[PDB]
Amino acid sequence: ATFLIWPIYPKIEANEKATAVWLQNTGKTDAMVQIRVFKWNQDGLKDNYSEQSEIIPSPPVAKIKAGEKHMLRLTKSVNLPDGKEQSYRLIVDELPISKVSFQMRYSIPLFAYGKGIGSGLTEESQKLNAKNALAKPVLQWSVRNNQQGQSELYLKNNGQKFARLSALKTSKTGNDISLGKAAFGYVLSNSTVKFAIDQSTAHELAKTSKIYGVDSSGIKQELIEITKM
């Protein structure tokens, strides 16, 4: 079954009570889906999801006939803490209705804001963040070796907002270093994460002091300075 999800990067602003995500079955076959929102954190340098009641998705289950477009209402139950950015995933679970078969699950990030900080994707929130010195990602990096000998990169976000990283460069004009295996990208606000990096990159890295990440968290792709711990 085939789905058009829009917007892929939804946010609920501080002064909005809800936002919508649209879900369209573009296949030729009826589909059934479950809708859930989990609170999202990076404690213990791994990504963790917990059930949650700050955001309520409506409907929790839906029959989506072929070609139909449904409106997911994501509702903010209570106002969120001042000046903070809260992190979730909307999870869309396609319910089924010698082989081995596939059940799909689609997950988009969701971000909701408290008073005095915002996504930065509208002029109202742009003007709100200019007045906040930490309404942005503020990254630091350091590479450290495990007792087993695996090399792993630590990224620590001091800012009140997340960073979505597509690549790491060693200089503002350089090329992307070859982050080999292991996905990476999100460093949530006020967190630190830990990617496994191959030996090719430790050295290349840490032969330099500042590096630069490509960040899509705002309006356009943009370099950000990551400094060393």
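Numbers for residues come from their place in the sequence shown, where the first is 1.
- Of the other compared PDB entries of this protein that include residues on both sides, all give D30 atoms, none of them, and so not a third, leaving it without.
- Note: missing coordinates for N145 occur in a third or more of the other compared entries bracketing this position.
- According to the record, the deposited sequence contains no missing residues between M71 and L72, so the chain is continuous there.
- With 131-139 and 87-95 compared on mean CA B-factor from the PDB entry, the stretch scoring higher is 131-139.
- Of the two segments examined, 173-181 and 186-194, it is 173-181 that shows the higher average Cα temperature factor in the deposited entry.
- Across the residues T75, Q148, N157, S107, the deposited record lists the maximum Cα B factor for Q148.
- For the set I64, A167, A163, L45, the PDB entry assigns the largest Cα B-factor to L45.
- Among the modelled residues of its chain, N41 has a C-alpha B-factor that falls in the lowest third according to the deposited record.
- Placement of the Cα temperature factor of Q221 within the chain: middle third of the modelled residues, per the deposited record.
- Among all modelled residues in its chain, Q24 ranks in the lowest third by Cα B-factor.
- The deposited CA B-factor of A18 belongs to the lowest third of values across its chain.
- Among the modelled residues of the chain, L205 sits in the highest third by CA temperature factor in this PDB entry.
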